[PDB]
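There is one chain below, alone, in structure tokens, taken in the form deposited in one PDB entry.
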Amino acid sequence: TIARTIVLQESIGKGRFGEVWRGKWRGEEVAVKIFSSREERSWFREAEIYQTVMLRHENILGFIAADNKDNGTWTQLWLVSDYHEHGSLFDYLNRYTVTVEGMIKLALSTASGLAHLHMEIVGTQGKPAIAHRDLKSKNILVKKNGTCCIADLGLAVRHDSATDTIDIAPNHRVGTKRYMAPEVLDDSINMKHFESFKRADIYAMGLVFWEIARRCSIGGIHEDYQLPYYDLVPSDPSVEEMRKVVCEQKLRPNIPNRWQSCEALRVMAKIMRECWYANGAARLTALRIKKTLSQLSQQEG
């Protein structure tokens, strides 16, 4: 009933694990991720994540439905969600410079979304803790109200606190190399301990916060948009190239010293550093980050 009544209007998507389209359903705009029939396991798994869990949160992409929109010629697997005109945080930071307020809004909402993911809720109608495993600016969408919501949950892992096991994901491809955490790059991560996954998400979130801050325009001064490590790796960096920069040279994105001439940028800078430790146990928790960002939020207004 759902997919059959949706009319596709334009391609507003990427191309790595399926394709996105802007659509029209009963007069409203909606986003649709179409997977081919062969790409069926990534489709189910992503649908499984958005569904099997109590993942309703304003900072997580509003999932609408999964529909085996079957064609007698070639089926076609649809994933439907809320549509966001602004597009990715990545697109956003490339087009606009942000205010101190706009920056806190972006960073805080991203942190709450991950915090909501990472947060377990044991019991009757609970919610298992979940790790993203592919957080980056292109997987975060900015809403019309200046806030963000996390997207692309196709590679997430869910934690079964009961048996302490991890509900692995069915697919043939890990995450984005550029954002891979230190442990992941040198392949020293204990992929059997859930906490490790959450720790990897924080590091990546730290890189995203850098991307936002860099675009915070104050007194007309700001840097142009850049992806983390733009000054150290080529485009589409290989694992080997990222490991040498991050693990052997122990390098992280550069932090302008000017970011201390502002209370907010000072806090952000502090958070970034604390997400970039090579020792995952030392990194901040998403919840913690939300709290300090929340406090800094109340002070600014």
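When you see a residue number, it is the position in the sequence shown, counting from 1. The term rigid core refers to the most C-alpha atoms you can superpose between the two forms while keeping them within 1.5 Å.
Just so it is clear, the following notes concern the form deposited in another entry, a form of the same protein that is not shown.
- Once you line up the core between the shown form and the other one, the CA of 35 is the only one from 259, 35, 63, 276 that shifts by 2 Å or more.
- After superposition on the rigid core, the Cα of residue 291 moves by less than 2 Å between the shown form and the other one.
- After superposing the rigid core, the Cα of residue 125 is displaced by 2 Å or more between the shown form and the other one.
- Core-superposed comparison between the shown form and the other one: the C-alpha position of residue 73 differs by no less than 2 Å.
- One change in the other entry concerns residue 15 and residue 96, whose Cα atoms lie at least 3 Å closer than in this form.
- Shown here is a form in which the CA atoms of residue 201 and residue 14 lie at least 3 Å closer together than they do in the other entry.
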